[PDB]
Amino acid sequence: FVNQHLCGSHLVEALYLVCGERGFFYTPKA
Amino acid sequence: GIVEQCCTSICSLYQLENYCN
């Protein structure tokens with residue numbers, strides 16, 4: 001789930017599930 | 001960044017939460 005290599009949509013979904021209603025920001029180029 | 005900490009290397013809950021609002 002969380003403890004693995006998370007890339008692309010897989011990383012985006014993890015952030016979605018973990019952050020919940022707080023939301024999150026995704027910046028691949030940084 | 002997040003890709004370096006979670007994609008190229010193994011992710012963790014500690015790091016993911018650094019990106020929640």
# chains A, B, ... in the order shown; residues from 1 in each chain; ligands from 1
>>> interface_residues(of="chain A", to="chain B", cutoff="7 Å", atoms="only C-alpha atoms", output="list in words")
residues 2, 3, 4, 5, 6, 7, 15, 19, 22, 23, 24, 25, 28 and 30 of chain A
>>> select_by_dssp(residues="chain B", states="alpha helix (DSSP H)", output="VMD selection string")
chain B and resid 2 13 to 16
>>> decode(residues="chain B", atoms="N, CA and C atoms", output="tab-separated table (two decimals), in the first residue's frame")
chain	number	residue	atom	x	y	z
B	1	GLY	N	12.38	15.65	-4.41
B	1	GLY	CA	10.90	15.81	-4.27
B	1	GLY	C	10.21	14.48	-3.98
B	2	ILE	N	8.88	14.48	-4.08
B	2	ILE	CA	8.09	13.28	-3.81
B	2	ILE	C	8.41	12.09	-4.72
B	3	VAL	N	8.74	12.36	-5.98
B	3	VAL	CA	9.07	11.28	-6.91
B	3	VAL	C	10.37	10.60	-6.48
B	4	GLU	N	11.32	11.41	-6.01
B	4	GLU	CA	12.60	10.92	-5.54
B	4	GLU	C	12.46	10.11	-4.24
B	5	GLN	N	11.58	10.56	-3.35
B	5	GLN	CA	11.36	9.88	-2.07
B	5	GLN	C	10.39	8.70	-2.09
B	6	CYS	N	9.45	8.71	-3.04
B	6	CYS	CA	8.43	7.66	-3.10
B	6	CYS	C	8.38	6.77	-4.34
B	7	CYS	N	8.86	7.28	-5.46
B	7	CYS	CA	8.86	6.51	-6.70
B	7	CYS	C	10.21	5.84	-6.95
B	8	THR	N	11.28	6.63	-7.02
B	8	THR	CA	12.61	6.08	-7.26
B	8	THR	C	13.13	5.33	-6.04
B	9	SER	N	12.68	5.73	-4.86
B	9	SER	CA	13.06	5.02	-3.65
B	9	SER	C	11.75	4.59	-2.96
B	10	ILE	N	11.85	3.79	-1.91
B	10	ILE	CA	10.67	3.32	-1.21
B	10	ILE	C	10.01	4.42	-0.38
B	11	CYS	N	8.70	4.55	-0.58
B	11	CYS	CA	7.88	5.54	0.10
B	11	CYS	C	7.58	5.14	1.55
B	12	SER	N	7.05	6.09	2.31
B	12	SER	CA	6.68	5.85	3.70
B	12	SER	C	5.53	6.78	4.04
B	13	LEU	N	4.76	6.43	5.06
B	13	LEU	CA	3.64	7.26	5.49
B	13	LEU	C	4.12	8.63	6.00
B	14	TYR	N	5.27	8.63	6.67
B	14	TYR	CA	5.86	9.85	7.19
B	14	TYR	C	6.05	10.87	6.07
B	15	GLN	N	6.64	10.42	4.96
B	15	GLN	CA	6.88	11.28	3.81
B	15	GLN	C	5.63	11.70	3.05
B	16	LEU	N	4.68	10.78	2.87
B	16	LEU	CA	3.43	11.09	2.16
B	16	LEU	C	2.67	12.23	2.82
B	17	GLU	N	2.58	12.18	4.15
B	17	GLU	CA	1.87	13.21	4.90
B	17	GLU	C	2.50	14.59	4.79
B	18	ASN	N	3.76	14.65	4.36
B	18	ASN	CA	4.44	15.93	4.17
B	18	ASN	C	3.79	16.66	3.00
B	19	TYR	N	3.04	15.92	2.19
B	19	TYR	CA	2.38	16.48	1.02
B	19	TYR	C	0.87	16.71	1.14
B	20	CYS	N	0.30	16.44	2.31
B	20	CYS	CA	-1.12	16.70	2.53
B	20	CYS	C	-1.23	18.18	2.81
B	21	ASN	N	-2.41	18.76	2.61
B	21	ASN	CA	-2.61	20.18	2.87
B	21	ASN	C	-2.89	20.44	4.35
